[PDB]
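Student: For reference, the file work_9.tsv (TSV, C-alpha atoms) is included below:
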```tsv
chain	number	residue	atom	x	y	z
S	1524	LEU	CA	132.87	127.32	91.49
S	1525	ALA	CA	132.24	123.66	92.27
S	1526	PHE	CA	132.01	123.19	96.04
S	1527	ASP	CA	132.68	119.75	97.50
S	1528	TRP	CA	132.73	118.81	101.18
S	1529	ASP	CA	135.20	116.45	102.88
S	1530	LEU	CA	135.71	115.29	106.46
S	1531	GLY	CA	139.26	114.44	107.49
S	1532	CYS	CA	138.65	112.34	110.59
S	1533	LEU	CA	135.02	113.47	110.92
S	1534	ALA	CA	133.54	111.19	108.26
S	1535	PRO	CA	130.31	109.36	109.10
S	1536	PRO	CA	130.39	105.56	109.11
S	1537	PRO	CA	129.32	104.07	105.73
S	1561	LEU	CA	121.05	110.79	110.86
S	1562	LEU	CA	122.38	107.60	112.40
S	1563	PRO	CA	119.73	105.09	113.52
S	1564	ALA	CA	119.23	105.34	117.26
S	1565	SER	CA	119.15	101.56	117.74
S	1566	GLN	CA	122.22	100.90	115.57
S	1567	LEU	CA	124.68	103.33	117.12
S	1568	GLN	CA	127.29	100.57	117.36
S	1569	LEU	CA	128.46	101.68	113.91
S	1570	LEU	CA	130.08	104.62	115.70
S	1571	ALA	CA	132.48	102.16	117.34
S	1572	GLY	CA	136.06	102.79	116.30
S	1573	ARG	CA	135.20	106.20	114.88
S	1574	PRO	CA	137.16	109.20	116.21
S	1575	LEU	CA	134.20	111.59	116.30
S	1576	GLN	CA	131.59	109.32	117.92
S	1577	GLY	CA	129.12	111.37	115.91
S	1578	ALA	CA	127.77	111.87	112.42
S	1579	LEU	CA	128.65	115.17	110.78
S	1580	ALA	CA	126.72	116.06	107.66
S	1581	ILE	CA	126.38	119.13	105.47
S	1582	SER	CA	123.24	119.87	103.49
S	1583	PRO	CA	125.12	120.61	100.22
S	1584	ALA	CA	127.58	117.76	99.73
S	1585	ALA	CA	128.75	119.13	96.37
S	1586	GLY	CA	127.09	122.03	94.59
S	1587	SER	CA	127.92	124.43	91.81
S	1588	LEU	CA	127.83	128.15	92.57
S	1589	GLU	CA	127.62	131.18	90.31
S	1590	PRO	CA	129.90	134.18	90.87
S	1591	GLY	CA	128.69	136.48	93.62
S	1592	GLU	CA	126.25	133.86	94.90
S	1593	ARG	CA	126.14	133.15	98.63
S	1594	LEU	CA	125.19	129.63	99.67
S	1595	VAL	CA	123.93	128.51	103.06
S	1596	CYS	CA	125.36	125.17	104.19
S	1597	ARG	CA	123.82	123.50	107.23
S	1598	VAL	CA	126.36	121.49	109.23
S	1599	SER	CA	124.52	119.04	111.49
S	1600	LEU	CA	126.07	116.79	114.14
S	1601	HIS	CA	124.25	113.74	115.51
S	1602	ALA	CA	126.17	112.59	118.57
S	1603	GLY	CA	126.47	109.08	120.01
S	1604	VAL	CA	126.37	107.59	123.48
S	1605	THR	CA	130.00	108.25	124.42
S	1606	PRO	CA	130.77	111.70	125.85
S	1607	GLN	CA	133.48	113.36	123.80
S	1608	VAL	CA	135.21	116.65	123.07
S	1609	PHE	CA	135.99	117.16	119.40
S	1610	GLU	CA	138.10	119.86	117.74
S	1611	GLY	CA	138.07	118.59	114.18
S	1612	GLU	CA	138.59	120.21	110.80
S	1613	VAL	CA	136.23	119.98	107.82
S	1614	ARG	CA	137.56	120.70	104.33
S	1615	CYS	CA	135.75	122.39	101.46
S	1616	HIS	CA	137.20	122.06	97.96
S	1617	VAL	CA	136.50	124.80	95.42
S	1618	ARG	CA	137.34	124.37	91.74
S	1619	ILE	CA	136.65	126.29	88.54
S	1620	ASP	CA	133.59	124.82	86.82
S	1621	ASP	CA	134.90	123.60	83.48
S	1622	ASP	CA	131.45	122.34	82.49
S	1623	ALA	CA	129.83	125.70	83.19
S	1624	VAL	CA	132.47	127.77	81.40
S	1625	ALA	CA	132.41	125.39	78.43
S	1626	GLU	CA	128.62	125.70	78.31
S	1627	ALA	CA	128.97	129.49	78.23
S	1628	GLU	CA	131.49	129.27	75.39
Z	1734	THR	CA	137.52	124.06	112.40
Z	1735	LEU	CA	134.57	122.79	114.44
Z	1736	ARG	CA	134.84	122.23	118.19
Z	1737	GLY	CA	132.06	120.78	120.32
Z	1738	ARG	CA	131.36	119.09	123.64
Z	1739	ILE	CA	129.23	115.94	123.60
Z	1740	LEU	CA	128.29	115.75	127.28
Z	1741	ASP	CA	126.26	113.31	129.35
Z	1742	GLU	CA	123.01	114.33	131.00
Z	1743	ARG	CA	124.58	114.17	134.47
Z	1744	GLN	CA	127.57	116.22	133.34
Z	1745	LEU	CA	125.31	118.81	131.71
Z	1746	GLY	CA	123.10	119.06	134.79
Z	1747	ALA	CA	126.09	119.55	137.07
Z	1748	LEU	CA	127.93	121.67	134.46
Z	1749	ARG	CA	130.88	119.35	134.99
Z	1750	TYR	CA	132.75	120.00	131.74
Z	1751	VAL	CA	131.07	122.91	129.96
Z	1752	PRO	CA	133.62	125.70	129.42
Z	1753	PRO	CA	132.90	128.92	131.32
Z	1754	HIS	CA	132.53	130.66	127.96
Z	1755	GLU	CA	129.40	128.61	127.20
Z	1756	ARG	CA	127.99	127.87	130.67
Z	1757	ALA	CA	125.02	130.16	130.03
Z	1758	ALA	CA	124.11	128.21	126.90
Z	1759	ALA	CA	124.59	124.94	128.78
Z	1760	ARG	CA	122.25	126.03	131.59
Z	1761	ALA	CA	119.72	127.18	129.01
Z	1762	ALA	CA	119.85	123.84	127.21
Z	1763	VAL	CA	119.43	121.99	130.51
Z	1764	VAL	CA	116.57	123.98	132.04
Z	1765	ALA	CA	114.66	124.61	128.79
Z	1766	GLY	CA	115.10	122.10	125.99
Z	1767	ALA	CA	117.31	123.83	123.43
Z	1768	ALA	CA	118.85	120.80	121.68
Z	1769	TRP	CA	116.85	118.31	119.65
Z	1770	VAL	CA	116.94	114.59	120.41
Z	1771	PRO	CA	115.59	112.78	117.32
Z	1772	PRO	CA	113.57	109.90	118.79
Z	1773	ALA	CA	112.95	107.84	115.62
Z	1774	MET	CA	111.00	104.63	116.42
Z	1775	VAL	CA	111.64	102.18	119.26
Z	1776	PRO	CA	112.67	98.63	118.28
Z	1777	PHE	CA	110.27	96.87	120.63
B	419	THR	CA	96.03	101.65	135.26
B	420	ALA	CA	99.61	102.94	135.35
B	421	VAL	CA	100.86	99.79	137.06
B	422	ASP	CA	99.37	97.58	134.34
B	423	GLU	CA	100.82	99.84	131.64
B	424	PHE	CA	104.24	99.54	133.28
B	425	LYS	CA	103.88	95.76	133.49
B	426	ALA	CA	103.02	95.48	129.79
B	427	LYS	CA	105.84	97.77	128.68
B	428	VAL	CA	108.29	95.95	130.95
B	429	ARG	CA	107.19	92.60	129.54
B	430	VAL	CA	107.82	93.82	125.99
B	431	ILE	CA	111.18	95.34	126.89
B	432	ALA	CA	112.11	92.13	128.69
B	433	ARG	CA	111.25	90.00	125.67
B	434	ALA	CA	113.53	92.23	123.60
B	435	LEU	CA	116.22	91.89	126.27
B	436	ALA	CA	115.80	88.11	126.20
B	437	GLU	CA	116.30	88.13	122.43
B	438	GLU	CA	119.50	90.12	122.91
B	439	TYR	CA	120.48	87.70	125.70
B	440	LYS	CA	120.12	84.83	123.25
B	441	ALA	CA	122.23	86.87	120.84
B	442	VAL	CA	125.99	87.05	121.44
B	459	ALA	CA	127.83	83.55	131.90
B	460	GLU	CA	128.60	86.65	133.95
B	461	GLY	CA	130.96	87.64	131.15
B	462	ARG	CA	128.03	87.28	128.76
B	463	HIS	CA	125.93	89.56	130.96
B	464	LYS	CA	128.71	92.17	131.16
B	465	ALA	CA	129.13	92.02	127.38
B	466	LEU	CA	125.39	92.45	126.90
B	467	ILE	CA	125.35	95.51	129.18
B	468	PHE	CA	128.33	96.99	127.34
B	469	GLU	CA	126.74	96.30	123.95
B	470	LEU	CA	123.44	97.85	125.04
B	471	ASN	CA	125.26	101.00	126.14
B	472	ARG	CA	127.26	101.09	122.90
B	473	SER	CA	124.23	100.56	120.66
B	474	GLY	CA	122.12	103.11	122.50
B	475	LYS	CA	119.13	100.81	122.93
B	476	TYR	CA	119.79	101.39	126.63
B	477	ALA	CA	119.15	105.11	126.12
B	478	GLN	CA	115.72	104.41	124.60
```
Let me see whether you can do it: turn the structure in this file into structure tokens.

Tutor:
Amino acid sequence: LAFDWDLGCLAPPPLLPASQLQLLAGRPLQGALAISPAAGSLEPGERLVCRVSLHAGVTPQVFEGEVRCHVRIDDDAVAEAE
Amino acid sequence: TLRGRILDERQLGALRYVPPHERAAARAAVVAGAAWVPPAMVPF
Amino acid sequence: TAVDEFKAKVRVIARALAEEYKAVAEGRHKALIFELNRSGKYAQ
């Protein structure tokens, strides 16, 4: 399974430098969410640890967001096996 | 789904907005540093 | 010694503040305060 990570409204602005936190302006989270594996392949019956880290900004906030993880069959891997 | 409370230092010290479910953790984080604050390097 | 250390650090911070003051009247001062809070340099 190919595992990709997406943030609906939680995306970081294109962790964050402390001096340049103004990039968080206009962003719903007012933080930077990141996950250690952005997109990794995974063998069957293999458990993967994913570290979700939040670096918050200067504005107090209460967030109840949703983070999506997309899982697809690894065509490259199965083709390699064949 | 991830839910969290980014709270100011004053609000944390007074426990102004921490939910009762997590007030113990909030008091812990206030009295004894339990959350990291990456300092990086100062501009000046 | 501590007073001299404070004076030196304050002089450096004030030179940085003067650079930011050059960047961007009373409206200017309010905007600079707001921008410092937004950027988080005020936290440091």

Student: So, counting only C-alpha atoms, which residue among S:1588, S:1561, S:1532, S:1570 is closest to residue 1618 (chain S)?

Tutor: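 Answer, going by the shortest atom-to-atom distance: S:1588.
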
Student: Show me which bits of chain B are within 8 Å of chain S, counting only C-alpha atoms, as a list in words.

Tutor: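 Per the criterion, chain B yields residues 469, 471, 472, 473, 474 and 475 of chain B.
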
Student: Counting only C-alpha atoms, which residues of chain S come no farther than 7 Å from chain Z, as a PyMOL selection string?

Tutor: chain S and resi 1564+1602+1606-1613

Student: Enumerate as an mmCIF file with C-alpha atoms, in the frame of the given file the residues belonging to chain B that approach chain Z to within 8 Å, with only C-alpha atoms taken into account.

Tutor:
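Final output, saved to out-v3.cif:
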```cif
data_model
loop_
_atom_site.group_PDB
_atom_site.id
_atom_site.type_symbol
_atom_site.label_atom_id
_atom_site.label_comp_id
_atom_site.auth_asym_id
_atom_site.auth_seq_id
_atom_site.Cartn_x
_atom_site.Cartn_y
_atom_site.Cartn_z
ATOM 1 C CA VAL B 430 107.820 93.820 125.990
ATOM 2 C CA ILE B 431 111.180 95.340 126.890
ATOM 3 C CA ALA B 434 113.530 92.230 123.600
ATOM 4 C CA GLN B 478 115.720 104.410 124.600
#
```

Student: Could you tell me how far CA of residue 1596 (chain S) lies from CA of residue 1579 (chain S), in Å and to one decimal?

Tutor: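 A separation of 12.4 Å between them.
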
Student: So that I can check the surroundings of residue 1599 (chain S), please list as a list in words every protein, DNA and RNA residue that reaches within 8 Å of it, counting all atoms listed in the file and ignoring chain neighbours fewer than 4 positions away.

Tutor: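 Near neighbours after the sequence-gap exclusion: residues 1578, 1579, 1580 and 1581 of chain S.
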
Student: Between CA of residue 1531 (chain S) and CA of residue 1574 (chain S), what is the distance, to one decimal in Å?

Tutor: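 One can read the CA of residue 1531 (chain S) to CA of residue 1574 (chain S) distance as 10.4 Å.
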
Student: Mind pulling up the distance from CA of residue 1526 (chain S) to CA of residue 1616 (chain S)?

Tutor: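 It comes out at 5.6 Å.
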
Student: Is there a way to get, as a PyMOL selection string, all residues within 12 Å of the point (124.3, 118.8, 90.8) in file coordinates, counting all atoms listed in the file?

Tutor: chain S and resi 1525-1527+1583-1588+1620+1622-1623

Student: From the options S:1593, S:1601, S:1614, S:1573, which residue's atoms come nearest to residue 1524 (chain S), counting all atoms listed in the file?

Tutor: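 Checking each candidate against residue 1524 (chain S), we get S:1593 as the closest.
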
Student: What would region 1567-1588 of chain S look like with N, CA and C atoms restored, written as a PDB file, keeping the file's coordinate frame?

Tutor:
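And here is the file that came out, rebuild27.pdb:
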```pdb
ATOM      1  N   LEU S1567     123.590 102.396 116.883  1.00  0.00           N
ATOM      2  CA  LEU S1567     124.680 103.330 117.120  1.00  0.00           C
ATOM      3  C   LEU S1567     126.024 102.635 117.246  1.00  0.00           C
ATOM      4  N   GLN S1568     126.036 101.302 117.279  1.00  0.00           N
ATOM      5  CA  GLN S1568     127.290 100.570 117.360  1.00  0.00           C
ATOM      6  C   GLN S1568     128.196 100.837 116.167  1.00  0.00           C
ATOM      7  N   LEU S1569     127.637 101.310 115.050  1.00  0.00           N
ATOM      8  CA  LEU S1569     128.460 101.680 113.910  1.00  0.00           C
ATOM      9  C   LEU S1569     129.464 102.767 114.272  1.00  0.00           C
ATOM     10  N   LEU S1570     129.147 103.587 115.274  1.00  0.00           N
ATOM     11  CA  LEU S1570     130.080 104.620 115.700  1.00  0.00           C
ATOM     12  C   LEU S1570     131.317 104.053 116.375  1.00  0.00           C
ATOM     13  N   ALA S1571     131.319 102.765 116.711  1.00  0.00           N
ATOM     14  CA  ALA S1571     132.480 102.160 117.340  1.00  0.00           C
ATOM     15  C   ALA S1571     133.704 102.282 116.445  1.00  0.00           C
ATOM     16  N   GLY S1572     134.836 102.625 117.052  1.00  0.00           N
ATOM     17  CA  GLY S1572     136.060 102.790 116.300  1.00  0.00           C
ATOM     18  C   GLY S1572     136.147 104.070 115.503  1.00  0.00           C
ATOM     19  N   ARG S1573     135.175 104.961 115.639  1.00  0.00           N
ATOM     20  CA  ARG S1573     135.200 106.200 114.880  1.00  0.00           C
ATOM     21  C   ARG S1573     135.650 107.343 115.777  1.00  0.00           C
ATOM     22  N   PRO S1574     136.600 108.163 115.322  1.00  0.00           N
ATOM     23  CA  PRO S1574     137.160 109.200 116.210  1.00  0.00           C
ATOM     24  C   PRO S1574     136.129 110.190 116.718  1.00  0.00           C
ATOM     25  N   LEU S1575     135.136 110.544 115.903  1.00  0.00           N
ATOM     26  CA  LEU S1575     134.200 111.590 116.300  1.00  0.00           C
ATOM     27  C   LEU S1575     133.199 111.080 117.335  1.00  0.00           C
ATOM     28  N   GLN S1576     132.750 109.832 117.195  1.00  0.00           N
ATOM     29  CA  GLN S1576     131.590 109.320 117.920  1.00  0.00           C
ATOM     30  C   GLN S1576     130.348 110.155 117.614  1.00  0.00           C
ATOM     31  N   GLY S1577     130.274 110.639 116.381  1.00  0.00           N
ATOM     32  CA  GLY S1577     129.120 111.370 115.910  1.00  0.00           C
ATOM     33  C   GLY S1577     129.064 111.281 114.402  1.00  0.00           C
ATOM     34  N   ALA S1578     127.981 111.809 113.855  1.00  0.00           N
ATOM     35  CA  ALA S1578     127.770 111.870 112.420  1.00  0.00           C
ATOM     36  C   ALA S1578     127.673 113.344 112.041  1.00  0.00           C
ATOM     37  N   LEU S1579     128.716 113.854 111.396  1.00  0.00           N
ATOM     38  CA  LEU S1579     128.650 115.170 110.780  1.00  0.00           C
ATOM     39  C   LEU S1579     128.120 115.058 109.367  1.00  0.00           C
ATOM     40  N   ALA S1580     127.236 115.978 109.011  1.00  0.00           N
ATOM     41  CA  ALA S1580     126.720 116.060 107.660  1.00  0.00           C
ATOM     42  C   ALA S1580     126.580 117.521 107.287  1.00  0.00           C
ATOM     43  N   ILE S1581     126.604 117.787 105.990  1.00  0.00           N
ATOM     44  CA  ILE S1581     126.380 119.130 105.470  1.00  0.00           C
ATOM     45  C   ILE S1581     125.311 119.032 104.394  1.00  0.00           C
ATOM     46  N   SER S1582     124.375 119.978 104.406  1.00  0.00           N
ATOM     47  CA  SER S1582     123.240 119.870 103.490  1.00  0.00           C
ATOM     48  C   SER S1582     123.676 119.887 102.024  1.00  0.00           C
ATOM     49  N   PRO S1583     124.532 120.813 101.551  1.00  0.00           N
ATOM     50  CA  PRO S1583     125.120 120.610 100.220  1.00  0.00           C
ATOM     51  C   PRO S1583     126.383 119.775 100.299  1.00  0.00           C
ATOM     52  N   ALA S1584     126.354 118.542  99.795  1.00  0.00           N
ATOM     53  CA  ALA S1584     127.580 117.760  99.730  1.00  0.00           C
ATOM     54  C   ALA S1584     128.517 118.322  98.666  1.00  0.00           C
ATOM     55  N   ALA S1585     127.979 118.576  97.478  1.00  0.00           N
ATOM     56  CA  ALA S1585     128.750 119.130  96.370  1.00  0.00           C
ATOM     57  C   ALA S1585     127.793 119.882  95.465  1.00  0.00           C
ATOM     58  N   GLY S1586     127.948 121.189  95.412  1.00  0.00           N
ATOM     59  CA  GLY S1586     127.090 122.030  94.590  1.00  0.00           C
ATOM     60  C   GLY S1586     127.879 123.025  93.775  1.00  0.00           C
ATOM     61  N   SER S1587     127.352 123.351  92.602  1.00  0.00           N
ATOM     62  CA  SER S1587     127.920 124.430  91.810  1.00  0.00           C
ATOM     63  C   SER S1587     127.407 125.768  92.335  1.00  0.00           C
ATOM     64  N   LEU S1588     128.175 126.824  92.075  1.00  0.00           N
ATOM     65  CA  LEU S1588     127.830 128.150  92.570  1.00  0.00           C
ATOM     66  C   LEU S1588     128.256 129.203  91.565  1.00  0.00           C
TER      67      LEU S1588
END
```
